[PDB]
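Below are two forms of the same protein chain, given as structure tokens: structure 1, then structure 2.
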Structure 1
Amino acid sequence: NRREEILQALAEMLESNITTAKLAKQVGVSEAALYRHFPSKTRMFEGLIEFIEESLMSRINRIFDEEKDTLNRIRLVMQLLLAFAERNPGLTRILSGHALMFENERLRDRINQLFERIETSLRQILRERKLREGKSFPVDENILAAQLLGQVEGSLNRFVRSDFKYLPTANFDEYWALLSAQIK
């Protein structure tokens, strides 16, 4: 549970209005112990992205187990992403690209992997609806999946851009009414 405690404390600090040393003192350990898990600040943020991706996928998989309807499953995965963003504005800023760190390539590459994993999960759900339920979409599932992912990323971007005033979940019911019409 060592590496997670550090990432948890990192997440907590990002949500407040960061330095390896400051985080070390925060979790209550030497800088050497911290550097053993994350040899550098970039590796630390890279680890935070992985920690976020793993937590989100664990929840997505739970939605897959409990929800059988492919339509509502897409809806829940979207609502989960928007709700998570909304509740973690500091994390959303680094994900949306409004953070300095986004300049670092391996960190950007890493964020891309997280969005691609989410997008893949959406495509998977669409493919199942297509093949198991016989649904015929007006376009390739990859295009529908990109639009769904685009709507989320655009909500997250506007949320940061507006200094966190325009909520990601605002009008989701209305957006979903239009998006779902061609998924149903």
Structure 2
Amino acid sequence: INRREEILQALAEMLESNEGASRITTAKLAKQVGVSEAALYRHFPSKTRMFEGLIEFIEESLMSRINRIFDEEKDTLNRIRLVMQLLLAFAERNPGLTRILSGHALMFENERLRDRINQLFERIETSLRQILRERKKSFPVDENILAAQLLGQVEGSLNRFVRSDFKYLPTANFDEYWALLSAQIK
């Protein structure tokens, strides 16, 4: 709530800087927070649980808004555009957390955390499929195939954002991408 949040904010700050390209050790994290390593463990059982805190924010932030789009916006193409733009803009507004989404920051941590990220992408892909299936006019392509292509474009954009040290902005080319695609998926 307070000290617990301070620690998570410190972790996200490091993920966002150059330090995010390397292991965030308890020693470096404690120094960023301005406390001893031991103090960290009064608020979290383990570093894995600190990352889980960030992952829970990503999950809830994204899925609550995707469900809202699904429930509140009526049109198929409109729904897809909003879900895509939400993902790209969320990443752009949260560079450090994108290093978690892309899996790079998690390489240093227990693999079950990458499993959790895989589960989130499957949830997003499921939403995409459901949105597409509700159009049934038919698509020039399988709904499962299109959903996978759409999320693939997002994943590649996130990867480019991270590997470029946040130079290649994920939203930059989305309008052109969507103009091209939407003219064909009718």
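Take the two forms, find the largest set of C-alpha atoms that superpose within 1.5 Å, and that set is the rigid core. Counting starts at 1 with the first residue of structure 1 and goes up one by one along its sequence.
In this pair, the copy labelled structure 1 belongs to the form solved without the DNA. The comparison between structure 1 and structure 2, aligned on the rigid core, picks out a single residue among 36, 158, 59, 117 whose CA moves by 2 Å or more, and that residue is 36. Relative to the superposed core, residue 170 undergoes a C-alpha shift smaller than 2 Å between structure 1 and structure 2.
Relative to the superposed core, residue 26 shifts its CA atom by 2 Å or more between structure 1 and structure 2. Fitting the two forms on the rigid core leaves the C-alpha of residue 141 displaced by under 2 angstroms between structure 1 and structure 2. The rigid core superposition between structure 1 and structure 2 gives a CA shift for residue 103 of 5.1 Å. Comparing between structure 1 and structure 2 on a rigid core frame, one finds that residue 94 has its C-alpha moved by 1.3 Å.
CA movement of residue 46 between structure 1 and structure 2 equals 3.0 Å, with the two forms superposed on the rigid core.
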